[PDB]
Amino acid sequence: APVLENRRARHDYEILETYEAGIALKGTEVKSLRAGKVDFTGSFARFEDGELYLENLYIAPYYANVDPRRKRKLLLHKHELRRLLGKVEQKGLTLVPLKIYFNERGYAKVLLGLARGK
RNA sequence: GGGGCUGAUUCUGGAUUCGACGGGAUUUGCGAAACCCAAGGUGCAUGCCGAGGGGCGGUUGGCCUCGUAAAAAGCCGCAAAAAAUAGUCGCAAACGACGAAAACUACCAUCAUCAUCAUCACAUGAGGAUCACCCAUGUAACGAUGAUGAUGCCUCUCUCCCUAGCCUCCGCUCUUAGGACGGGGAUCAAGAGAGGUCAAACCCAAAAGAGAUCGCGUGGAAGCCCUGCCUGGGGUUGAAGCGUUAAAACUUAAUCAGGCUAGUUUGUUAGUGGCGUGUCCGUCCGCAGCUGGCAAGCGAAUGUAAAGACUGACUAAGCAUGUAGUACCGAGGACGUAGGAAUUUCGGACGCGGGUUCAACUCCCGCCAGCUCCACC
């Protein structure tokens, strides 16, 4: 599959601490992403009911009406995810997606930084 | 209404490795319930009439509770957030104001210097020169303007003045000047304090210093520690007066160390009489109390308590009743077992539901959803 980095990552962005997280797409979307029909423009995530949610990121189709335009989940540790929001309580850190990448079985992960950029 | 096309890009098997994501399950823990063993307290019981307060929701099973008139939890129901590399910082500030053209002059009740700018006179120059003049610079002399200093001249208000009973001065030497008992006078630069676009001012009130050499010395009595008796060496307070300048006249207190008698207490023993927490009994009997006798201590001693059980009779508690009914409570070792902890762990993110099956898109089987193409329209 492709590996895609994010454009301003070492420009106006400095990274204090780093984690990697698995993503929930749909496996049908993963086959299209293995091919590479994607766009990463302006991607971000926000915190909703104890979890971290990817609102913006687009994957195109390869069948029937399976929606590609709805938001996708990020999975991260039961202590550490629910703790790390209390790191950003200490007067602001941005959560940045540094790269999106594929494991050796061919499913997706995202590299996440706690950043002092703007 | 139809004609068609489109649906796991790990090759059969735990693996959508993973992604402490969310159920499910064991190993392992405490609340909860039950047992094994040790172990102490408790009167127990059945039954509850009425009264005041009382309000939903967010957190608590949306009524608490109690004892002869108040013994009886409580708040809230509403906005959010920080710094320095190819670019980039939205927009944002409160400070006031003017000028006028022509002529004279002072009493010493302020006085005095110095600084500057114009001028004459005495005076030099181996300075000069347009030739009776120009110029550095020493001495005398008028003038205006500006800064700067000072004990007084003045003027006004004013602390009582003169006298003195009493009287300092002194261990001793050495060295002074006066005040406020009493009285009389309509308050003076013989003394100060203040002012004129200017400045300075300490006679007055209940006595001092020094010759270093004790920073108030020197002098004396009485009572006393034991004290129940005995050994034991040596210490002080209450009080008075002498010495030079304010002139005193009796009163009661502070440590103990060692040995012990009479005398007395305790343990022990005997005994009259006392208390004994439900009232009444008694058997187990406990405790002090006080006399007589013994054994000991005489700074390790005269400090305070009031029962523990049962065979019996009559039986209580908030209120009523059953009174031989009957049990309640509580802590600790240790064998299990629920969403606490660790872990084998399944779904994982493959359109949507069936079967075969050790698992299935790959082995079978349905239906959807979309587009494309005929067509009433």
# chains A, B, ... in the order shown; residues from 1 in each chain; ligands from 1
>>> select_by_dssp(residues="chain A", states="strand (DSSP E)", output="PyMOL selection string")
chain A and resi 4-5+15-24+38-48+51-59+72-75+94-102+108-115
>>> residues_around(residues="residue B:366", least_positions_apart="4", cutoff="12 Å", atoms="only C-alpha atoms (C1' of nucleotides)", output="list in words")
residues 352, 353, 354 and 355 of chain B
>>> write_last_selection(atoms="N, CA and C atoms (P, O5', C5', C4', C3', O3' and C1' of nucleotides)", output="PDB file, in the first residue's frame")
ATOM      1  P     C B 352     -22.883  -4.625   6.036  1.00  0.00           P
ATOM      2  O5'   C B 352     -23.937  -5.808   6.112  1.00  0.00           O
ATOM      3  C5'   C B 352     -25.344  -5.473   5.946  1.00  0.00           C
ATOM      4  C4'   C B 352     -26.200  -6.667   5.486  1.00  0.00           C
ATOM      5  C3'   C B 352     -26.130  -7.944   6.315  1.00  0.00           C
ATOM      6  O3'   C B 352     -26.861  -7.770   7.547  1.00  0.00           O
ATOM      7  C1'   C B 352     -26.388  -8.380   3.958  1.00  0.00           C
ATOM      8  P     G B 353     -26.822  -8.834   8.686  1.00  0.00           P
ATOM      9  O5'   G B 353     -28.080  -9.739   8.374  1.00  0.00           O
ATOM     10  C5'   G B 353     -28.230 -11.055   8.978  1.00  0.00           C
ATOM     11  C4'   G B 353     -28.840 -12.119   8.029  1.00  0.00           C
ATOM     12  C3'   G B 353     -28.474 -13.577   8.353  1.00  0.00           C
ATOM     13  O3'   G B 353     -29.303 -14.071   9.426  1.00  0.00           O
ATOM     14  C1'   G B 353     -28.488 -13.178   5.975  1.00  0.00           C
ATOM     15  P     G B 354     -29.002 -15.416  10.179  1.00  0.00           P
ATOM     16  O5'   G B 354     -29.444 -16.537   9.152  1.00  0.00           O
ATOM     17  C5'   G B 354     -28.569 -17.674   8.944  1.00  0.00           C
ATOM     18  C4'   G B 354     -29.050 -18.525   7.763  1.00  0.00           C
ATOM     19  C3'   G B 354     -28.394 -19.899   7.640  1.00  0.00           C
ATOM     20  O3'   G B 354     -29.020 -20.821   8.562  1.00  0.00           O
ATOM     21  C1'   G B 354     -28.438 -18.860   5.517  1.00  0.00           C
ATOM     22  P     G B 355     -28.140 -21.543   9.648  1.00  0.00           P
ATOM     23  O5'   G B 355     -27.419 -22.644   8.769  1.00  0.00           O
ATOM     24  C5'   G B 355     -28.194 -23.823   8.416  1.00  0.00           C
ATOM     25  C4'   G B 355     -27.637 -24.569   7.194  1.00  0.00           C
ATOM     26  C3'   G B 355     -26.326 -25.332   7.383  1.00  0.00           C
ATOM     27  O3'   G B 355     -26.588 -26.541   8.137  1.00  0.00           O
ATOM     28  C1'   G B 355     -26.312 -24.193   5.299  1.00  0.00           C
TER      29        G B 355
END
>>> interface_residues(of="chain B", to="chain A", cutoff="6 Å", atoms="only C-alpha atoms (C1' of nucleotides)", output="list in words")
residues 6, 7, 19, 20, 21, 349, 350, 369 and 370 of chain B
>>> write_last_selection(atoms="C-alpha atoms (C1' of nucleotides)", output="PDB file, in the first residue's frame")
ATOM      1  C1'   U B   6     -21.852  -5.066 -10.376  1.00  0.00           C
ATOM      2  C1'   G B   7     -20.322  -7.348  -4.646  1.00  0.00           C
ATOM      3  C1'   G B  19      -3.827  -1.082  17.240  1.00  0.00           C
ATOM      4  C1'   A B  20      -3.191  -2.370  26.958  1.00  0.00           C
ATOM      5  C1'   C B  21     -10.711  -0.356  21.505  1.00  0.00           C
ATOM      6  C1'   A B 349     -12.252  -2.234   9.796  1.00  0.00           C
ATOM      7  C1'   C B 350     -14.228  -6.623   4.723  1.00  0.00           C
ATOM      8  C1'   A B 369     -28.478  -1.734  -3.634  1.00  0.00           C
ATOM      9  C1'   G B 370     -26.504   1.196  -7.779  1.00  0.00           C
TER      10        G B 370
END
>>> atom_distance(atom1="atom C1' of residue B:346", atom2="atom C1' of residue B:24")
7.1 Å
>>> atom_distance(atom1="atom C1' of residue B:334", atom2="atom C1' of residue B:32")
17.8 Å
